[PDB]
Amino acid sequence: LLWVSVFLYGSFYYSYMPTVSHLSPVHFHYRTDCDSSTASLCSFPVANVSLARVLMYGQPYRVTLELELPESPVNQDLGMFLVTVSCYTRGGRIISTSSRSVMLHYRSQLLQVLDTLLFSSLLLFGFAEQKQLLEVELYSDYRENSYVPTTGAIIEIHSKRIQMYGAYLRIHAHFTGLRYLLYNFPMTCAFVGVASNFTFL
Amino acid sequence: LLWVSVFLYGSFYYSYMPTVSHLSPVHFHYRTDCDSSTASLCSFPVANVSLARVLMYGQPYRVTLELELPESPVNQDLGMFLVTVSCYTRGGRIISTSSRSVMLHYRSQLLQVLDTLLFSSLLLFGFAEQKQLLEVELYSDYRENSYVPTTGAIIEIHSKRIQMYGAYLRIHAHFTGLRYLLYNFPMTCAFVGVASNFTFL
Amino acid sequence: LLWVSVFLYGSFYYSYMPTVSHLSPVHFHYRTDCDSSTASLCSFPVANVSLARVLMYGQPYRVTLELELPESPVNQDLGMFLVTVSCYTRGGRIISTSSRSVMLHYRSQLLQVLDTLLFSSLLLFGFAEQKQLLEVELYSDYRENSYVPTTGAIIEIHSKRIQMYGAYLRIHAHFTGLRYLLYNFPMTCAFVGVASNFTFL
Amino acid sequence: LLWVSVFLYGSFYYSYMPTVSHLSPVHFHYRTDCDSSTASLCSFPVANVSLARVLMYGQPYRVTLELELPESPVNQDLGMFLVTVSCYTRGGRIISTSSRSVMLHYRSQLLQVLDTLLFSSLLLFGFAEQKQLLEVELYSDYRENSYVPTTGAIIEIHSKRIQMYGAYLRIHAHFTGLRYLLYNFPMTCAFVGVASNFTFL
Amino acid sequence: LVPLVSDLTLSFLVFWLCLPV
Amino acid sequence: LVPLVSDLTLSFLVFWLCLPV
Amino acid sequence: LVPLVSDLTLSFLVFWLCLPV
Amino acid sequence: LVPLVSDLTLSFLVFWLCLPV
Amino acid sequence: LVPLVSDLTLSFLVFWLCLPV
């Protein structure tokens, strides 16, 4: 009855994850009038993003910028870099300026080789990719100003060498305790729920 | 009855993929009056592409530039580079300017060697090729302006070293849900349809 | 009955750890005006943190800054670095200035390789990470001034090359005796409690 | 009865391929006034080719320049290079100017070694050769101007290091759908036809 | 593009086709 | 040029020729 | 994010669900 | 020079000589 | 932090719990 167990786990996930969230894509545009003769951009990656609701009043929200980096040697040799987010009003006025310092997780060369060897099938078939997801937590607890809502965000990365694929700005309800495992560790949720439903069935 | 299963999967694909879409090929032309003594072009790849319909009113469309790169050592060391798209009117006026930063997916040298060894047959017989397809998504929900249609697009890549084979400017209806598997993961659909039809048969 | 033993260990942990403690996240913001030709920042990591009570009168508390470093070659070659904490009043006046010198634990290259080999399973699946947790003990028996409470702390690290992931400022009542093993060595507590409860059961 | 199968496949190919097409050879002449201290020419390869009919009115044709390169180390490090075609009138006026950018297909050194090892017999006996055929598609659909026919084409390659064996300017009517497999993938046609005819016999 | 983002609803019925098929 | 772009319609009949042939 | 920070209370009941399930 | 460009017609008869020979 | 600095007194009774437990 593993079929029924899988269906039950899927229904569990669907019922307990009605995520009222807006995943705003972030598109970093550069300035390309410099020499650009080396593996480094000219200016800092900057990006305007519009959220046009979700940001209503009273509910706590967690504003983060999920950042997708490759494990290329340039990224490992880059080191620390600063991330700035600036929410703006309709007229351009700044709502709430924030800043964080984020850096690629370090793994030793032997660890990298072992990872490439053991997860080789997923990397070959296109399932897995040698990338890092940094969850820059711009706002651990957000509450909207009453008179002026948040139209969007201007995001900047101060690294002139940050190789990256893309960026998501994610805002989600801060209710976590019930869904914490599903909020952060989905694979464990599958491993637990499927087994529990199969044993129950 | 795998014969009938393959025929049924083909009929499934034909019925559920009447793609109302166009695949305007982009032809990048350079300027070659420079010295050109090194492995680098003189000016940035630029290209005019004409569409003379398909871009009609109301339906949302996804404008992308599928870009074909070799995994050459010149391209891995290149890093980030900017892609700009400018739709133009009949009189040359610009309709909608967009820009993105796109970079070649990184794979380690051990991963490259393992891919070359395991997919060796497909690379030798000409089926597979050591190439990357970057889906630069220029527009996610394109909707045409009522009074002025889109005659075509001027596309530019701001890299003097970007080795590439070709480029397409694909525009397709945004309807994805039913066809999502066929829209983005064509290979898995073959297995799913063949297995389902063979079990049914 | 290992189910009951695990449940009893969890209840034992919960009953004896109602820690009246707070974990203020510390967010280090930098300066970014230098050429950044090398993996070094501009100015020292600094951070304002607000505790907004927990710091009351009579009870002693241990103020520490749990600091998360990667075991990167830049961190092993750095050496000693100074951590300065300055508690401030409501009006900006400094309450109590402290200072410590903290440095990464040294492990030989062979030791690092053996760690990466034996602990490989935990490192591959994300359970473990090649990181160091330094518990810079800013205050051993902190007691609050009666007239002026502690609004927050300004924390500074005087290193331009300290690669780090984050930082926590943890304040906890100095009562340790009964909970000493749990307060410092929880892994041993798990084994001891589970074994004792299973033998008792 | 595989003899009869081969004869039937040959008759199939002969009947379904009465290609009304012309293969004009292209003869690139250089300039030779330099010191020649390096493996680089003086001026860009240029060529006048005369078509003296095939290019009539109404029927579409696909004008391409099949180009034969050696997979020499000079060609792999060459990179992108521009190919320009200019059809001329009887009196020298230019009919239609086109331009494309073509580059050698990239194959890794291990891939080249494995190809040399496995395809060794064909390369030794002269059947196969370590060469690349680039089909620079100069015109996806050609329609001749009624008043002024196409006397010939001037073709130019803007590379001073492009090692090559020869070049063809093939023109063929655009009718492809029935003959697509035969017009593009001959070996698969041979396999399928031989197998089908042998099963029938 | 992760393979399970917007196909969970499809997985609630495509997989459910195990009953008639 | 991918091997299956415009020959699916041919694959609906040339492969279907497995019945008479 | 450590796996045992705020789920101890969850582990006090979700594990306890071994009894009815 | 490819080995099969203009000899297919010859291959229709030279190989056909496998019958009388 | 050495594992035996201030827990010797704790070890003087926790170990002694081998008698009732």
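Coordinate-derived values only; no laboratory data. Cβ coordinates were reconstructed from backbone atoms using ideal geometry, including for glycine residues, and neighbour counts include every protein chain displayed.
Order these peptides, B:59-67, B:131-139, by their mean beta-carbon neighbour count within 10 angstrom, highest first.
Descending packing order for the listed peptides: B:59-67, B:131-139.
Taking a ≥ b ≥ c as the square roots of the eigenvalues of the Cα gyration tensor of chain C, is the shape rounded (a/c under 1.5), prolate (a/b larger than b/c) or oblate? Walk me through the numbers on the way to the answer.
Values: a/c = 2.63, a/b = 1.17, b/c = 2.24.
Here chain C falls in the oblate category.
So how far apart, in nm, are the two label points at C:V54 and D:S86 if each is 7 Å from Cα heading toward Cβ?
About 7.8 nm separates the two model spin labels.
Given R₀ = 22 Å, FRET efficiency for C:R161-C:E68 by Cβ-Cβ distance, to 0.05?
Approximately 0.90, to the nearest 0.05.
Counting only other chains, and only Cβ atoms inside 10 Å, what mean value do you get across the residues of D:63-70?
0
How many nanometers, to one decimal and shortest first, lie between the label point of B:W3 and those of its other copies, if labels sit 7 Å from Cα toward Cβ?
2.9, 2.9, 5.6
Mind listing which chymotrypsin sites (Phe, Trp or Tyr not before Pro) in segment A:145-175 are in a DSSP loop and have 12 or fewer other Cβ atoms within 10 Å?
Details: sites: A:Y147, A:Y165, A:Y168, A:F175; in loops: A:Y147, A:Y165, A:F175.
In loop regions of segment A:145-175 (DSSP not H, G, I, E or B), the sparsely surrounded chymotrypsin sites (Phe, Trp or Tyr not before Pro) are A:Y147, A:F175.
Once the Cβ-Cβ distance between C:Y16 and I:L8 is put in as r, and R0 is 22 Å, what FRET efficiency do you end up with, to the nearest 0.05?
It comes to 0.65.
Which of the chymotrypsin sites (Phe, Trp or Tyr not before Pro) found in segment A:95-135 are in a DSSP loop and have at most 14 neighbouring Cβ atoms, other than their own, within 10 Å?
The qualifying sites are A:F127.
Chain F: which residue's Cβ hugs the F-to-H rotation axis most tightly, distance rounded to whole Å?
F:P3, 47
Give, rounded to the nearest 20 debye, the magnitude of the charge dipole that the protein assembly as shown has about its Cα centre when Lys and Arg contribute +1 at Cβ and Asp and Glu contribute -1 at Cβ.
Once rounded to the nearest 20, the dipole reads 1820 debye.
If neighbour count is taken as other Cβ atoms inside 10 Å, put C:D141, G:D7, B:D77 in order from fewest to most.
Fewest-to-most Cβ neighbours within 10 Å comes out as C:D141, B:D77, G:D7.
Grab the DSSP H runs of chain A that are 4 residues or longer, score each as -39,500 (n - 2.57), total them, divide by all residues and round the 222 nm result to the nearest 500 deg cm²/dmol.
Result for chain A: -8000 deg cm²/dmol, rounded to the nearest 500.
Out of every Cα-Cα pair in segment C:70-156, what percent are more than 22 Å apart?
Working: 1837 of 3741 pairs.
In whole percent, the share of Cα-Cα pairs in segment C:70-156 beyond 22 Å is 49.
Run the label-point distances for C:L124 please: 7 Å along Cα to Cβ, every other copy, nanometres, shortest first.
Distances between equivalent label points, in nm: 1.5, 3.0, 4.2.
Given label points at 7 Å from Cα along Cα→Cβ, what nm distances, shortest first, separate C:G58 from the same residue in every other copy?
3.9, 7.6, 10.8
Which distance in Å, rounded to a whole number, links the C-alpha centroids of segment D:63-126 and segment A:183-201?
Each part reduced to its Cα centre gives a spacing of 55 Å.
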